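One chain comes next, on its own, written out as structure tokens in the form deposited in one PDB entry.
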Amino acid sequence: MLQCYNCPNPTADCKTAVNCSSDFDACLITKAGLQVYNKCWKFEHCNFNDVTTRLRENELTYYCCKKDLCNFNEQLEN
């Protein structure tokens, strides 16, 4: 399985590791101001439009990856 940081709410430093279900193929980290999101996700939705409409944030940067626990803060210069 792919293990990602996955917090249901934005969290300054998400430490919750979960085994994503096979529905997902990516780990996502997104920074929107001081809000940081960490999710099991899909690469088909790892794009600005799809992340903004799903997380309901106007302005953000994002990174997706497919190695264990790869969706960490330092991946995103922001």
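A residue's number is simply how far along the shown sequence it sits, counting from 1.
Keep in mind that the form deposited with a partner chain bound is missing from the display, and what follows is about it.
Using a 4.5 angstroms cut-off on non-hydrogen atoms, would residue 55 count as touching the partner chain in the deposited complex?
Because no heavy atom of residue 55 falls inside 4.5 Å of the partner chain in the deposited complex, the answer is no.
So in the deposited complex, is the partner chain close enough to residue 20 to count as touching (4.5 Å, heavy atoms)?
Output for residue 20 is no: heavy atoms all beyond 4.5 Å of the partner chain.
Does any heavy atom of residue 24 come within 4.5 Å of a heavy atom of the partner chain in the deposited complex?
Heavy-atom contact with the partner chain at 4.5 Å: absent for residue 24.
Would residue 46 count as touching the partner chain in the deposited complex under a 4.5 Å heavy atom rule?
Judged by the heavy-atom cut-off of 4.5 Å, residue 46 is in contact with the partner chain in the deposited complex.
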